[PDB]
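The block underneath contains the structure these notes are about, expressed in structure tokens.
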Amino acid sequence: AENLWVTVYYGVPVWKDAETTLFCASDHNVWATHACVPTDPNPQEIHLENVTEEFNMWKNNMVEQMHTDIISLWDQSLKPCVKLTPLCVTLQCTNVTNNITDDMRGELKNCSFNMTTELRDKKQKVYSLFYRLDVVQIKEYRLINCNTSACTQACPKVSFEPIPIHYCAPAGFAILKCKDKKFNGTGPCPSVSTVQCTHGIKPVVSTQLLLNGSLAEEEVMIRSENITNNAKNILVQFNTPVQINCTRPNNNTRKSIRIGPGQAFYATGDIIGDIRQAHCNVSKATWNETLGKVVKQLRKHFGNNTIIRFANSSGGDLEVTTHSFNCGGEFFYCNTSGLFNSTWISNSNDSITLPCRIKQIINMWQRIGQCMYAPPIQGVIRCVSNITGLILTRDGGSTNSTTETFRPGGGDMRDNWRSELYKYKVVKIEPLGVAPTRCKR
Amino acid sequence: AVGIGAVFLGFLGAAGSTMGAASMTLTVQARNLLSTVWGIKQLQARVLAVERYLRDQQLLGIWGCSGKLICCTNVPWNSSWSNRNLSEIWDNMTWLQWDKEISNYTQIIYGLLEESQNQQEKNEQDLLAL
Amino acid sequence: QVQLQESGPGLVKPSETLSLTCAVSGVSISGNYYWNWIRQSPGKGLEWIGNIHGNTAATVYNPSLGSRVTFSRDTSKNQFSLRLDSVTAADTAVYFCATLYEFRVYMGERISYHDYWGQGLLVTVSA
Amino acid sequence: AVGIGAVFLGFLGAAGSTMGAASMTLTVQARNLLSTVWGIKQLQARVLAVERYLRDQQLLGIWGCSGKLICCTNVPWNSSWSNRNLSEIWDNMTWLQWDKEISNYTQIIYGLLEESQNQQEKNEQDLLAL
Amino acid sequence: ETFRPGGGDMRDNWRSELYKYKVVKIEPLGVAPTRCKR
Amino acid sequence: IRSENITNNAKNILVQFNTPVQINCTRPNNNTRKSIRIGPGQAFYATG
Amino acid sequence: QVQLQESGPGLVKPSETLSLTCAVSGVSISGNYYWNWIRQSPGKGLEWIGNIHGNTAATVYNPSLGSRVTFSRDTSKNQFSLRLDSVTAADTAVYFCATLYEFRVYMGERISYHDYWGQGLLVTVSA
């Protein structure tokens, strides 16, 4: 009775979940844009009506690709640079006590040593100023990384400033974006669009705080894979930024020492003027308002009469215990203890000053056996940044008590990429289709 | 009426449209199916795309629908595969829902199409022998 | 050589669900094969329970036993499982998983015939 | 009759069968033609396979047998190539033996097919002008 | 006849295993005589 | 028994057995290993 | 330019086989060319032995010489060889390897004509 026959259609708009390899699109840097394709000046986007897709931020494969690409580019950038093998010698160090404040006592060491020269049958005597975190006692000291591995000095011309990069998919695939506000990174998104590729994402590296990120356009957002479980970190996204001003005020000096044929080592000659601690400033009222909003949002998931406490970091390595970042080539590690110290109960112009430290021997990613010696920067340095999110972790959480205490977290860098690629997914098109029709061959 | 420009829908605009409305824009979707270690990855991706396109073209050609976007066949529609009428398919459903409904009966239809095309080719060869 | 291995609990209580799994090695289960579940008990002899199609997942069951059975297939693990609901004392038996088929040429003559008849597993129903 | 499975001969196992029986399962052979330094070698092999498939398809298309597995043509069979009748070809020989026998009269047949297809196309164009 | 141990070249070690295998390439195009007419 | 040209004495002869012959063998000395650090993250293992 | 050079033993015995080989440079022998063998002897003058078609390997022989003439072609070496069985005293001559062909367009007019008539070699027959 039906007398219907199969009919083949090529080009049906149907897609399936898939994984692929995206490529560059960007408008001397560590993130090589030379090998990255130029971007189209007029990005094109299509709004898919009546399409409600499924999204899950904690299973996205784009984060892994971004992490691998960033690590590969970082490794590539350091290949044509000097290796500081001769630097493992017996240093003789003394204390620096020339115009130093009380808090900067013992932080700097004046170390003299021997060194090679362009001729392999001659030696020279040199000296430099080192940080107390870099030298370990053996009046004789040695570099911290000497017993682990010799490692590379970063070239002084490549800049560490992040640059936005866009990720565009191959032919036959599509990038779906969820334009629905209030979406919390998991579930069905009813408003969907197809884009050729994403907005510029700056690979900003930091811990305990998200800097120079994107802001929620509705309100403070809280995300977590399983909020009931205390072992999963909580990502908080603000709706307005908080300005932070960091500075190193020491007037450093740089000198070059020739350690071989066409090989130079950049040492800290001397400090001009006074010696003072590098520090950061954060507004007080703005932080109070932001924390009030964060506590109000957290009240939704943990009961309407709970007490919300912010406390200090538990402990561990200096990288995971302190807000670590890079300000103009110098690596800062800072003690965010005046921020996460408060209690909240259901019911002018000063600022919080975080004093903090600089470092030179860097193990950027969570790896053992490779450093990156940062050459010193000349002169005072200052930077200003936006805080637009937090990474928190719930301590304890047992039913015995009615108080929840949150502490700052970090360490894993994937979470930095996760906060930006939460609304994107990749699919692959399936054009072939079969349908019933009255026409016959 | 004169001097006004027009711009039409893009790649996947008809994803939410009905099957009948979506079948009128198959060309736009068909066009985009074609177009040191990172070089290896990019070249592998390009080769994979080319291989997928060639496989789809071979699958279309084996059924006798070569060089066509819409091609009727001779295989009857079994009522077991679906029980809905044309009114509720081509003006009420979309392609994604149809695929979700039918995806369990794909390979057998392909085999039926292959055998039907082979039989038709043999019959044509026999006919031309006279 | 194709080998079939039955597995499952050796005992079950009345009114509970009896689950058995037959694993196949040497041939893919997603092919055009009808995997059959049979049982043998004293007094009743051999009794065919049902079968399932690997490729299309089509299932056929004994009318006498009714809707108390559900057959499933897992291609990744290369296995097929039988789930018999509302077990009773009469269901105590030795279960066999098997398959019968023929190897021919495309629109031509036959070459060979194949059956395997795996070792089977004893199952007893009692609280 | 019911409840019995069936499997069929797949790949080149049908090479010992006669030409008549061997030309009945062309699809099984046809479908299998498509699917750091080691990566280079693998990519080169894949590109070579794709190129060979494209060359074969172009050669088929130039003769006018595009999108076909069996396509009988207009070129007459010269007796100088082979004097065996159809009784001793399609029922008492295999494809390998036939290929060995006519290995030295292949290019001329290809050229004749090309010229015949070109002439047919020109004649069709002339006819359509009326 | 006196036989002594040999060796040295490692290709003989592989040759003892791959003695029964060979590689061929398929040629799917063919032309035959037949009774149609285009 | 296999050979490219068995009449030629410049070609080796390959013999394949029907049944295997078990050979058991050992070094019985109780050796000791010690690590010497010869550089930054570089160790040499010697017989103590 | 296209050149041809002959080679082979200059002295042959009666009833033996005379083998000559002509090697060409400047053009391949696998194309549509007919390679011809000619000989000149006192009194008789120019005499044609036979020819071979490079592409198809179709050969034509002089009826006067009967079956004593054979031709072969090697594409890898770009050469072609003439073989004369049962050589007698009448076969003493200078042998040349030649080729004649016209260069034209495809369904149109003719552009040029070409013949080369290589140097050749003297061959005498005696025990």
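We call the chains A, B, C, D, E, F and G, going by the order they appear; numbering starts again at 1 in every chain.
Everything below uses one rule, namely that a residue touches a chain if its C-beta (ideal position, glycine included) is under 8 Å from a C-beta of that chain, and two chains touch if they have at least 3 such contacts.
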Subject >> Pair of chains ranked first by number of touching C-beta pairs >> reply: A-B
Subject >> Most central chain, Cα average position >> reply: B
**OP:** Compare the CA centroid of subunit A with every other chain's and tell me the farthest one.
**Re:** G
**OP:** Quick one: report the Å distance separating subunit B from subunit F, using the average Cα coordinate of each chain.
**Re:** 60
Subject >> Where subunit C and subunit F are represented by their mean Cα positions, the distance between them in whole Å >> reply: 51
Subject >> Approximate Å spacing (C-alpha centroids) for the pair subunit E, subunit F >> reply: 31
Original post:
Roughly how many whole angstrom separate the Cα centroids of subunit C and subunit E?
Top reply: 44
Original post:
What are the residue numbers in subunit C that touch two or more other chains?
Top reply: none
Subject >> Multi-partner residues of subunit D (at least 2 other chains) >> reply: 30, 72
**OP:** Using the contact rule from the top, write out all pairs of chains that touch.
**Re:** A-B, A-F, B-C, B-D, B-E, C-D, D-E, D-G, E-F
Subject >> Parts of subunit F lying in touch with subunit E, wherever the complex brings them together >> reply: 2, 12-14, 16
Original post:
Which residues of subunit B touch subunit E in the complex?
Top reply: 125, 128-129
Subject >> Parts of subunit F lying in touch with subunit A, wherever the complex brings them together >> reply: 37, 39-41
Subject >> subunit E residues within the subunit F interface of the complex >> reply: 3, 6, 12, 15-16, 19
Subject >> Touch list for subunit G against partner subunit D, complex >> reply: 55-57
